[PDB]
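Below: the structure, in structure tokens.
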Amino acid sequence: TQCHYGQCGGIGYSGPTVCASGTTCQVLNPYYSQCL
């Protein structure tokens, strides 16, 4: 699971899209999404 403030990823990101428990994948930009 992607860590806090890590890039969970947006469109085109096939890596760890699911953030760790306690963090939410928030889409900031189309391709850039971060675990807040």
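If you're wondering about the labels, chains in the structure tokens are A, B, ... by order shown, residues count from 1 in each chain, ligands from 1 in order shown.
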### Non-local contacts of residue 12 (chain A) (12 Å; only C-alpha atoms; under 4 positions in same chain excluded) as an NGL selection string
:A and (8 or 16-17 or 30-33)
### Task
Write out as a VMD selection string the residues lying within 7 Å of residue 26 (chain A), counting only C-alpha atoms and excluding same-chain residues fewer than 4 positions away.
chain A and resid 33 to 36
Save out the residues we just selected, N, CA and C atoms, as a CSV table (one decimal), in the first residue's frame.
```csv
chain,number,residue,atom,x,y,z
A,33,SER,N,-1.7,11.6,-8.1
A,33,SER,CA,-2.6,11.4,-7.0
A,33,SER,C,-1.7,11.1,-5.9
A,34,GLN,N,-2.1,11.6,-4.7
A,34,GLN,CA,-1.2,11.4,-3.5
A,34,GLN,C,-2.1,10.8,-2.4
A,35,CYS,N,-1.4,10.1,-1.5
A,35,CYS,CA,-2.1,9.5,-0.4
A,35,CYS,C,-2.1,10.5,0.8
A,36,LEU,N,-3.2,11.1,1.0
A,36,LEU,CA,-3.4,12.1,2.1
A,36,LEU,C,-4.1,11.4,3.2
```
### Task
Write out as a ChimeraX atom specification each polymer residue whose atoms come within 9 Å of residue 3 (chain A), counting only C-alpha atoms; drop sequence neighbours fewer than 2 positions from it.
/A:1,5-8,19-21,23,35-36
Include N, CA, C and O atoms and write out the residues we just selected as a compact mmCIF listing (two decimals), in the first residue's frame.
```txt
# COMPACT_ATOMS: atom_id res chain seq x y z
N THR A 1 0.83 -1.17 0.00
CA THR A 1 0.00 0.00 0.00
C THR A 1 0.88 1.24 0.00
O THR A 1 1.92 1.25 0.64
N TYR A 5 1.57 10.60 1.87
CA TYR A 5 2.20 11.60 1.01
C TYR A 5 2.92 10.98 -0.18
O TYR A 5 3.60 11.68 -0.92
N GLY A 6 2.71 9.70 -0.38
CA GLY A 6 3.27 9.03 -1.51
C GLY A 6 2.32 9.13 -2.68
O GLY A 6 1.13 9.44 -2.50
N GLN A 7 2.82 8.86 -3.85
CA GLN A 7 2.03 8.93 -5.05
C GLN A 7 1.30 7.61 -5.28
O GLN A 7 1.92 6.60 -5.65
N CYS A 8 0.01 7.62 -5.03
CA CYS A 8 -0.83 6.45 -5.30
C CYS A 8 -1.10 6.38 -6.79
O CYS A 8 -1.43 5.33 -7.32
N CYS A 19 -3.63 3.16 -1.05
CA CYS A 19 -2.83 3.73 0.00
C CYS A 19 -2.97 2.91 1.27
O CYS A 19 -3.90 2.10 1.39
N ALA A 20 -2.05 3.10 2.18
CA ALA A 20 -2.03 2.39 3.44
C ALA A 20 -3.24 2.74 4.29
O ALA A 20 -3.91 3.78 4.06
N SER A 21 -3.55 1.89 5.24
CA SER A 21 -4.66 2.12 6.13
C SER A 21 -4.43 3.40 6.92
O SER A 21 -3.41 3.55 7.62
N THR A 23 -4.68 6.33 5.19
CA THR A 23 -4.41 7.30 4.16
C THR A 23 -5.34 7.07 2.98
O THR A 23 -5.74 5.93 2.71
N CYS A 35 -1.44 10.10 -1.51
CA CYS A 35 -2.10 9.54 -0.35
C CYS A 35 -2.11 10.55 0.79
O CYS A 35 -1.09 10.79 1.45
N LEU A 36 -3.24 11.14 1.01
CA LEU A 36 -3.44 12.10 2.07
C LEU A 36 -4.11 11.40 3.23
O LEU A 36 -3.66 11.58 4.37
```
### Query
Just asking: which residues within chain A are strand (DSSP E or B) according to DSSP, as a PyMOL selection string?
chain A and resi 2+7+19+25-27+33-35
